[PDB]
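Listed below are the residues making up each chain.
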Amino acid sequence: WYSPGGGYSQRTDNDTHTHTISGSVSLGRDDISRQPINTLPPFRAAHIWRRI
Amino acid sequence: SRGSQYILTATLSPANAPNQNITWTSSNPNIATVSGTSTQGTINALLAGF
Amino acid sequence: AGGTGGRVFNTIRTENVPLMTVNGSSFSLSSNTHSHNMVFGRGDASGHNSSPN
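Before going further, it helps to spend a moment on the overall build of chain A. A tally of helices and strands in chain A yields zero helices and zero strands. A globule of 52 residues ought to have a C-alpha radius of gyration of about 10 Å, yet chain A, at 34 Å, is considerably larger. Expressed along its principal axes, the backbone C-alpha trace of chain A runs to roughly 105 × 20 × 20 Å.

What follows is the structure in structure tokens.
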């Protein structure tokens, strides 16, 4: 709307909204993807466990 | 396309590797860039280029 | 040598940095142009560039 004033008629079918309308949305993301477990840099690492 | 970046992936020959990681590079980084090891995420910046 | 040891570098510990790459996911939400109600009255004064309701 350009806010044009009619010469004889009145544009009563146009109005400015004041507040938004809340609606129900559909589903979204399901879950997270794969993640890493354990440390690869530590695999096969030699560990000293000999007693005194 | 402009802005949109088709997500890619880098599947290795084997199922998994010991401490496997990818140092993703992007030739002509202005056109697009990638990050991560498995996923790429080739987000484009320029509107034309290879 | 030492009488007591420990496992830090090679052990089943906790804590880690989760890193990975995931393809972009887009959620589609539809906002109806109607059901917004009406405010004010017949002009009067009306805001320019206002969506007709």
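Having seen the model, we can carry on.
As a further point, take the overall build of chain B. Looking only at helices and strands, chain B has zero helices and two strands in total. In summary, chain B has a C-alpha radius of gyration of 12 Å against a globular reference of 10 Å for 50 residues, an excess of more than 25%. Considering only C-alpha atoms, chain B reaches an extent of 40 × 15 × 15 Å along its principal axes. Within chain B, residue pairs in contact and separated by at least 24 positions form 42% of the contacts whose partners lie at least 6 positions apart.

A few words on the environment of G41(B). Residues and elements named next belong to chain B. In this structure, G41 sits in the loop between β1 (32–33) and β2 (43–44). Placed 15 residues apart in sequence, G41 and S26 show a C-alpha to C-alpha distance of 11 Å. In this structure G41 touches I7, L8, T33 and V34, once residues within four positions along its chain are discounted.

Further remarks concern the interface of chain C and chain A. Taken residue by residue, the interface counts eleven residues in chain C and nine residues in chain A. Taken together, the residues of the side of chain C that touches chain A break down into three nonpolar, eight polar and no charged.

Moving on: unusual backbone geometry. For the bond running from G43(C) to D44(C), omega is 0°, close enough to zero to count as cis. One non-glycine residue with positive phi stands out, namely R44(A), at about 70°. In this model, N37(C) sits at a positive phi of 65°, which is unusual for a non-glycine residue.

Reading the values: rules and limits
- Residues numbered from 1 in each chain as written, not as in the entry; some residues may be left out.
- Chains lettered and ligands numbered in written order.
- Part of a larger assembly, values for the part shown.
- Heavy atoms only, no water.
- Residues with missing side-chain atoms left out of burial classes, pairs and counts.
- Helix = DSSP H or I, 4+ residues; strand = E, 2+ residues; numbered from the N terminus.
- Rg over C-alpha atoms; globule rule 2.2 N^0.38 Å.
- Contact = heavy atoms within 4.5 Å.
- Nonpolar A, V, L, I, M, F, W, Y, C, P; charged D, E, K, R; others polar.

Take it as geometry only, folks, not as evidence of what the structure does.
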